[PDB]
Each structure stands twice: as C-alpha cells, then as structure tokens.
Protein chains: 2
Amino acid sequence: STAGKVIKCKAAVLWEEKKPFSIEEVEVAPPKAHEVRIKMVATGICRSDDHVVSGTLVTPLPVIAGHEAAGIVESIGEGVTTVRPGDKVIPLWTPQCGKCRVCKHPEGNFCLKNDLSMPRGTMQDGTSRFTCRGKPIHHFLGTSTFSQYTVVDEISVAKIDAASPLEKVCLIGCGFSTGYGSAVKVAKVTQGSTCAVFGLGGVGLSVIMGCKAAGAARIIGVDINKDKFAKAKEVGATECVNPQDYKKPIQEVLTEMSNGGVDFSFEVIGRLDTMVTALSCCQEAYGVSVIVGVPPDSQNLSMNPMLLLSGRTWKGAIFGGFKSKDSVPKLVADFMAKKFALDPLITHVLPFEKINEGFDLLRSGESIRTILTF
Amino acid sequence: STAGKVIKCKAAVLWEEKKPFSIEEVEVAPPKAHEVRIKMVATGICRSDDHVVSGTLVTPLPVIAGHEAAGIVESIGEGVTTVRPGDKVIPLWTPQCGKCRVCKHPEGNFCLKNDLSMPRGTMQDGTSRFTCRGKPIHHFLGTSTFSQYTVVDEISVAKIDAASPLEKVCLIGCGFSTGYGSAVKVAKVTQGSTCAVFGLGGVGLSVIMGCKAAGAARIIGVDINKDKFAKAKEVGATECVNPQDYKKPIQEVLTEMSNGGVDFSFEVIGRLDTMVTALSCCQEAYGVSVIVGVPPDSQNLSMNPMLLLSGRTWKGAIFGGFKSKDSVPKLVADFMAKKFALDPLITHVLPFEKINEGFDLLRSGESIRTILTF
Ligand SMILES: NC(=O)c1ccc[n+]([C@@H]2O[C@H](COP(=O)([O-])OP(=O)([O-])OC[C@H]3O[C@@H](n4cnc5c(N)[nH+]cnc54)[C@H](O)[C@@H]3O)[C@@H](O)[C@H]2O)c1
Ligand SMILES: NC(=O)c1ccc[n+]([C@@H]2O[C@H](COP(=O)([O-])OP(=O)([O-])OC[C@H]3O[C@@H](n4cnc5c(N)[nH+]cnc54)[C@H](O)[C@@H]3O)[C@@H](O)[C@H]2O)c1
Ligand SMILES: OCc1c(F)c(F)c(F)c(F)c1F
Ligand SMILES: OCc1c(F)c(F)c(F)c(F)c1F
Ligand SMILES: [Zn+2]
Ligand SMILES: [Zn+2]
Ligand SMILES: [Zn+2]
Ligand SMILES: [Zn+2]
C-alpha cells in the first residue's frame, strides 16, 4: 500500500502570478502526527482561487491552490481520531481546532489556526508536504486541493456521509456554505424582508438560496453581467438590475426600489466601491449589510461613518459564519435529505487536466461553478 | 395667562459659528395644531451642542440650540392628546412619529421625521416659532432647549413622572440614554464580557454604566485626559488607559490586554481615527464595535475591510437605539425606582445666564455635565 510512503502524483502548480497552472508531477509526503492524506475526487473553481493567480489575494508562491473539494482518506497520521482511511471527507480551509477562544465562542468561526490572516502557505507545523522539481511548494489555506493527493491537518478535515456524491458536495467546502450561511446565519434574513445581492456568481446565488430559504419577500440581484440574471431568478431572485443601465448610482436606485432602503444587503464581488454601495443601499436606521467578497490585497475603502451612526449594521464573514468541522457534515446530511440544491451552481464539468480551461470559463463570465474530476 | 399669546422671554441665541451665545429676549409664538409650548426647567450641555458652535455639525443659523432638557408644559395646540398644561416633559431630539417605516420596525429608532439628516431648523410644518430683534431664528432638532420657553411638535415630546427631579432627569433627554442604550440595547453587552470605551465624558460614562448593568467582567476606559479616570472607575471601569502613555497604537495595547481583542468596543468621542481604532481592538471573529461619537461634517474615514470579513460587526446608533417617546418615560420611571444613578454625570449646576461659562467648562476638560437651571 501507499501508507507511510511518498506518493508521486499530478498537481496543478502555480509557479508565478498571472500565469496558467502547470499540471505536473509532485511528491506528496506521508502524513505526520495529526495529519490526513486525501485522494481527491472533485474540486470546484472558486473566484478566490483565481484571486491567487491575479494577486488579488497574496499567499506565498509557488503554491498548490484549491480549497473547495471532496475526496477519500488514503491514510492517517499518528493520533488522528476523527477520520479513517476510506472515509469521504471535505477539506476545511477555515479550520476548527475546537480549543481556541474563537472555536469556544458561540458565534465565532474564524479559528485562530487559520492561514488566511497572515498566510504562511504551510501545514500547522510550518513545513510543506509538497515537492516539485526537487523544490518545496507552498500549501494554500491548509487545503491545497488542486492535486490528486493532498495532506491536511486533522483540524482542517471533516468526515461526511459515506453515500455522498462527491462531485456535488465539494461545493459545501466553499461557495454554497459561504453564501447560504451569510444569509441565514450572519445576516439572519427575516421572513417578508427585502434583500439586495451584489454579484451573481456561485457565492451570490447561494446567498439568494439562503434569502429565499429565510422567507425574504423580495430578493434583488445586482450584476453588471445580465447573462447572470436568468439563473439568479431560477434560485429565488424576484428582480435583477444592472448598474450599467442607470444614470444614477445603484445605491440610489435600490433605495428608491425598496421605498427607502433594503433590510439586508450582501457584497459578493470583492470591490471596495460595491462594499460601500451595498452598505449605503440598506435602510439607514435598521439595515444590515454583509461583506462576503474578498477585497484586493492591502487596499482600504473610504466611507462616511454617518452611514453607521444612523443605525446601520455592517459585518463580514468567512465561510458563512459556519464552524467548519461541526457544520460541513450536517450540511452534507441536509443536502442528502434534499433540503437545498447544488445543481443550479454547477454549469460545467471538466477533468482536472483541463483546469486552465476551467479558469478561462470563470474569467470569461460564462461559468458559475466548474467542477474538476480527478 | 400666556396661553394663545406670544411670550417674550430670555434665550441663548447663536448668531454665528465659533462665537459665544447671546443671552437676550426672543419672542415665542403660541403652539399651532399638534404643537406643545414648554417652560424649561433644566437643560444639560452636551458636546453635540458644542459641535454646532464649532462647525463639527452643520445646522441653519441663527439658532436656538439645546436638546438635553426637561420642563413643564405651558400650553398645547389643537389636537394634542399626549401631554397637558402642567405636565413634566422631556423634549425628544429624535422624534417618534409612530407612522413611518422606522417607527413601525421593532429595532428602528431614527424616525424619518428627524431634523438631523437634512437639517431645516424648523418645526415639522417648515416654519419657526422664534423671533429675535425682528429676525426669524431656527430651531435645533425640533427641540431648542436653550430658551425659557420652546415650542415642539407633539412627536418630539414625552410626558414623564410628575414627581421627577427635572435638574437630574434632563440627562435622560440625551447623554445618559444614549450611552446606556448603546451598551444594553445596541451592542447588547453580555455577562462576563470585556468592553473598551473610548471617551470618558458624560456619554462614555453612561456607556460604562450600561456595560456594568449588563454584567461585563472588564470595562477598560480610554481617554487622553487622565483626569477623567477616577469618575470612570467610580461608575464601573475596571482599568483606564491613556493612549499618550504608550509607544504602540492603543488598538495593539487593548488587543494585548484582552488576550486577543475585546468583546465590545464603543467610540464615544467623535474622531475618525478612534472609530477605526475602536473597531480594530474588538476581537476579529466575533467582536462588536459601536460608533456613538458624532463625526466632523462631510469627512470620510479610511479602513481595511478585512477587519469586517473576519467576522467583526460595526454599527452606530442615535440616542442609544431607544424609540424616544416610548422609552424616555420608562427611563425616568426606572430612575425614580433607583435602577440607575444620574448624579455621577453632574459635575456643575449653573444658572442659565452662565451658559457660556458652562460651555467653557466643557471645552477646558473640566466638566462632565453642567446642568443649566432656568
Ligand atoms: N467570505 C468568504 O468566505 C468567501 C467565500 C467564497 C468566495 N468569496 C469571495 O466572494 C466573491 C465572489 O465569489 P464567486 O461567486 O466565486 O465569484 P464570481 O463567480 O466571479 O462572481 C462575482 C460576480 O460579480 C459580478 N460583478 C463584477 N463586478 C461587478 C460590479 N461592479 N457590480 C456588480 N456585479 C459585479 C460578476 O459579473 C460576477 O457574476 C469573490 O471575491 C470571492 O473571493 C468569499
Ligand atoms: N449618537 C448619539 O446619539 C450621541 C448622543 C450624545 C452625544 N453624542 C456624541 O458623543 C460624543 C461624546 O459626547 P460627550 O460625552 O458629551 O463629550 P465629552 O464630554 O466632550 O467627552 C469626550 C471625551 O473624549 C475624550 N477624548 C478626546 N480625544 C480623545 C482621544 N483621541 N482618545 C481618547 N479620548 C479622547 C475627551 O478627553 C473627553 O473626555 C460627541 O461626539 C457627541 O456629539 C452622540
Ligand atoms: O473563497 C474563500 C476564501 C476567502 F473567503 C478568503 F478570504 C481568502 F483569503 C481565501 F483565500 C479564500 F479562498
Ligand atoms: O447629542 C445628540 C446628537 C447627535 F447624536 C447627533 F448626531 C446630532 F447631529 C446632534 F445634533 C445631536 F445633538
Ligand atoms: Zn472559495
Ligand atoms: Zn480554533
Ligand atoms: Zn417615525
Ligand atoms: Zn446630545
């Protein structure tokens, strides 16, 4: 067997920003204590993976990216108790150590063991399990799912239902859970409310799904790409608007359409200007705006704090506010019981070897989620 | 009798920015339909009144300022049903019309009839009840309490307990209710939590009172004036820190003191820089920061939205989040029932004729609240 041995396999290595991935052989070390080595089955292309390529997100290079995925445990290191070889699993790019002050807090989920705030591109122990051309290669968010095999810390993996369709439930590893939780858990959308969702990609569609599940009466989708509107309406948008169609700024348009401002707004793009526009369009006394989009590295927004003094609430969240290891298995169980749908998010399927075509589809505006199969 | 007649009385007129009040005779018209004329008994000096003088707040001049006050109804216009001549009352600088979407919302209090967002300096009907030297004089926030008599709209006055000591409960008209509500209602401070309060004036002390009432374990007061610390500890601060004493930025100091960030922070000054510092010092995953201080007119702050993406909540509020006409009588009843103290806020009691000396005490750092007695 492969247990305890280096695995040679193919991965998509990013050597340089603004370049295609290189599909080539890597060496994947065996798992150390409290680590898990996973044979990947499916991985989604999230815009955050593209942010690594574009330098919107800064993480050390060279790197194996990928964070939205599902696979099967190949082997476990010493002392692992929560998964076994042959288990279906979803890697957790937001870990859940269960021990830090955030993991112990009833409403926190941004575990202090994350590799997001101050990215090292390593395992928890500060080292890498990947070699390529004899060179160490960085991890990404402790997951590195753009590889036939990855190694993750135990706090960065959840066991899921053995009957799970991995080519669908990989989306619970990022885009679905993030958008759905941003609506239902972070914003706490109320029955009969009016919501505005800026950005109608996979995450924004999942926000719409959550707003509809919460009983919103109106869900206004906002996108500069009108090709996104049909699917947004299919999953619950009641109106869609394209800011490019209007002479006035879209915050003014949305305030007029909502007879004085929306109850809940969501920024699901990653632009400083739309973060401020989304805040402005929620009602000034009781509105809530949630930032979901990832902003460009190290850039600050400018805003008038009178927008908050009148009573608005502004918040953001990682991974929909979900405590990742507790929540992922429950979300898979709910998917299996048909409590929500994932197919509306999946527009394209490709083999892993066609990863660059999958990124081209995202960048052209044509796809929502492309799922890559190993 | 005065009812139905013009009253000539003394008031403090502000003819231009950055000049002393002029204490002189004005004419006060009788109340029209749905208006109430009040003989003032006591009014507090709030920093927001000083903001009118300093140009921090823009409102039409000339003006009779004052918004934190209590008095006795002299007469009512046709159609008034909520107060009668002889009633003790507190003017409401945030009205409660009861009809607008904000008044009908369970968590809104910034009634759309307010004169804050787009100040007109008038009664609801767009006219003034004040003349001085033959010139019309603007109202301020529908209240204009720096006058022996004022006229307010019915939606801008609350009837209070007939046995109320007006030289104390005038503080329920602004500073106490604002700070206390910002803690208990807006932030929803939890038992055992750690709070940081930036600014230890009358409003910040009231925030501390609310944090202590909510059962906070630690309440860290922050002020550049160490003379403010003794009273802050008297009303519940467990520690006080002066940013000037430190080589590091105070957000770093407060993060260290709180072993990774506070649960709740409050900006109770009115500076863009301390609004961002207060947000930063709350724990990145689950912290809450409330803006209470009034920012300088038309100035934007700069901030990194990653502070929110990790999970922080940022909000602001007017008047502690309290629906004004519902809440003010209950707060007075609570004071009468010894549920909270007001004396710790009152450092000076002066005749109304010494209004300018009262403002000088505030500006010098020497007072918390001066109460002016008519
Ligand atoms: N907070 C989290 O945990 C988290 C998780 C997953 C994704 N993200 C971020 O969320 C964002 C969306 O991800 P995704 O859905 O995969 O991306 P996506 O598929 O690229 O969708 C973004 C959408 O925004 C639209 N858009 C671009 N500019 C504008 C504009 N000015 N106004 C309106 N619409 C515009 C665009 O046409 C597209 O449909 C990205 O920034 C991700 O990095 C955050
Ligand atoms: N949101 C509302 O409804 C509302 C109500 C009442 C007051 N306010 C505002 O709240 C603020 C405080 O009012 P107040 O308590 O009457 O004022 P105040 O009595 O002038 O108190 C302000 C305190 O801030 C301190 N301070 C000044 N600069 C700094 C600094 N850099 N760091 C730390 N401390 C500093 C100062 O020494 C003083 O003790 C003002 O901006 C008011 O306009 C808002
Ligand atoms: O898509 C999820 C996602 C994020 F929300 C980030 F904030 C981030 F930095 C990142 F790398 C990521 F993958
Ligand atoms: O002190 C209360 C108070 C405020 F909170 C304001 F925002 C404002 F503009 C104002 F005039 C005022 F008096
Ligand atoms: Zn993602
Ligand atoms: Zn943790
Ligand atoms: Zn109203
Ligand atoms: Zn005030």
Side-chain angles (χ1 to χ4, degrees), chain A residues 94 100-112 114 116-117 186 190 258-261 263 267 270-272 275-276 279 283-319 321 323, chain B residues 94 100-112 114 116-117 186 190 258-261 263 267 270-272 275-276 279 283-319 321 323:
Chain A
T94 300
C100 73
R101 201 168 65 173
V102 175
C103 283
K104 290 191 179 227
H105 191 282
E107 308 304 321
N109 75 328
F110 189 51
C111 174
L112 290 165
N114 75 80
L116 195 152
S117 294
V186 179
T190 54
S258 59
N259 297 293
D263 297 292
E267 198 283 3
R271 296 174 60 83
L272 300 180
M275 291 170 189
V276 178
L279 174 67
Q283 201 289 324
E284 65 180 355
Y286 57 71
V288 173
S289 187
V290 181
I291 305 178
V292 185
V294 163
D297 183 74
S298 299
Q299 297 192 30
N300 280 12
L301 60 76
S302 176
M303 60 82 70
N304 187 328
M306 285 303 314
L307 291 175
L308 298 175
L309 193 66
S310 48
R312 294 185 180 83
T313 302
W314 203 12
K315 64 203 305 190
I318 291 291
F319 196 58
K323 289 179 181 291
Chain B
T94 300
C100 74
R101 202 167 61 170
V102 173
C103 283
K104 293 178 170 284
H105 191 281
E107 306 303 317
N109 75 325
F110 190 48
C111 173
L112 292 165
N114 75 79
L116 277 82
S117 295
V186 178
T190 55
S258 62
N259 297 293
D263 296 291
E267 199 281 8
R271 296 176 57 90
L272 301 179
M275 291 171 190
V276 179
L279 175 66
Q283 202 284 327
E284 65 179 354
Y286 57 73
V288 173
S289 186
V290 180
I291 305 181
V292 187
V294 172
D297 185 75
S298 294
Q299 299 194 28
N300 282 7
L301 61 78
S302 179
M303 64 79 70
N304 188 324
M306 283 306 308
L307 292 175
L308 296 173
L309 197 72
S310 52
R312 292 183 179 86
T313 302
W314 202 14
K315 72 202 300 188
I318 291 291
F319 195 56
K323 289 178 180 290

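Just so you know, these numbers use all the heavy atoms, side chains as well, and skip hydrogens, waters and symmetry mates. The sequence lines fix the lettering, A, B, ..., with proteins before strands; numbering per chain opens at 1.
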In Å, rounded to the nearest 0.5 Å, how long is the span from OH of B:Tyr286 to CG of A:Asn109?
12.5 Å
Any chance you could measure A:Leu279, atom CG, to A:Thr313, atom OG1, to the nearest 0.5 Å?
9.5 Å
Which of A:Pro106, A:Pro305, A:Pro295, A:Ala285 touches chain B most, by non-hydrogen pairs under 4.5 Å
A:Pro305
Looking at every non-hydrogen atom in both residues, tell me the closest pair between B:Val186 and B:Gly316 and how far apart they are.
CG1-O, 4.5 Å
What are the two closest heavy atoms between A:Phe110 and B:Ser310, and how far apart are they?
CB-O, 3.5 Å
Would you mind checking which part of B:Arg312 comes under 4.5 Å of any heavy atom in chain A, side chain (CB onward), backbone (N, CA, C, O), both or neither?
backbone
Among B:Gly108, B:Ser302, B:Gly311, which has the most heavy-atom pairs under 4.5 Å with chain A?
B:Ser302
Tell me, side chain or backbone of B:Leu307 under 4.5 Å from chain A's heavy atoms, or both, or neither?
neither
Between CD on residue A:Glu267 and CG on residue A:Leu272, distance to nearest 0.5 Å
8.5 Å
Any idea which of B:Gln283, B:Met275, B:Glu107 has the most non-hydrogen atom pairs under 4.5 angstrom with chain A?
B:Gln283
Looking at B:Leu308, B:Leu309, B:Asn304, which has the largest count of heavy-atom pairs under 4.5 Å with chain A?
B:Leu309
Under 4.5 Å from any heavy atom of chain A, what part of B:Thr94 do you find: side chain, backbone, both or neither?
neither
Can you tell me which of A:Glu284, A:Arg101, A:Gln299, A:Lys315 forms the most heavy-atom pairs within a distance under 4.5 Å of chain B?
A:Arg101
Contacting moiety of B:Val290, where chain A heavy atoms sit under 4.5 Å:
neither
On a heavy-atom basis, which atom in A:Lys104 and which in A:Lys323 lie closest, and how many Å separate them?
N-NZ, 4.5 Å
Heavy-atom nearest pair, B:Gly321 first then B:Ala317, reads N-CB, 4.1 Å
Under 4.5 Å from any heavy atom of chain A - which part of B:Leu112
side chain
Taken to the nearest 0.5 Å, the spacing of B:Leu116 CG from B:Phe319 CZ works out to 12.0 Å
Select one option (side chain, backbone, both, neither) describing which atoms of B:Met303 are under 4.5 Å from chain A's heavy atoms.
both
